[PDB]
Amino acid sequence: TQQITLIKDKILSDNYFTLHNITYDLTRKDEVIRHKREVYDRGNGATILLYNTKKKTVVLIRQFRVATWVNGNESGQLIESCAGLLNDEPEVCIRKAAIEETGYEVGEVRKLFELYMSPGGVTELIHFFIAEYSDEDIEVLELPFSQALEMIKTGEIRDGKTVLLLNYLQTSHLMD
């Protein structure tokens, strides 16, 4: 792979987000192979799990996701951690989203990592955060952390980033 030379970037759709057909020469460890790859750029995002160490609860959201609705999610409804697309800086973005989606204006946030979520053909990078909490088309779900972790096992929670956050919180010992 090491040597990469861009040959062509063709826009297949710029309706709002952008789909590309990208051609690049790749030099195999062994030999020059020309790859043609479809790449979808819907920009980057951030997500945040809200947790309360006193009550032992977490705050998640439930909303209709049409992309799950066309792909085996019968009602389209999906339980997720609070998230939003980023022009804002990650921490600026996620503080907006927290107020706008959950109603909590949160103090200190803790950043976990930045992960590409679907690198086969989508650019999307997600900024992951957690925050303590106190005091739309989106339902705010407050639930016991113990119930949320169990919802991962039954398949009631079936969102990538949401599982990643909940597992981090579990491994952090913050709720112990």
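Residue numbers run from 1 along the displayed sequence.
Per the record, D135 and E136 are separated by a gap of 10 or more residues from the deposited sequence that were not modelled.
Per the record, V106 and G107 are directly connected, with no deposited-sequence residue omitted between them. Look at the C-alpha B-factors of 9-17 and of 157-165. On average they run higher in 9-17. Higher average CA B factor: 141-149, of the stretches 64-72 and 141-149. Based on the entry's C-alpha B-factors, the most elevated value among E38, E124, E114, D30 belongs to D30. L78: CA B factor lies in the lowest third for its chain, per the PDB record. Per-chain ranking of the deposited C-alpha B factor places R42 in the lowest third. Residue-level temperature factors show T57 in the middle third of its chain, judged at the C-alpha atom.
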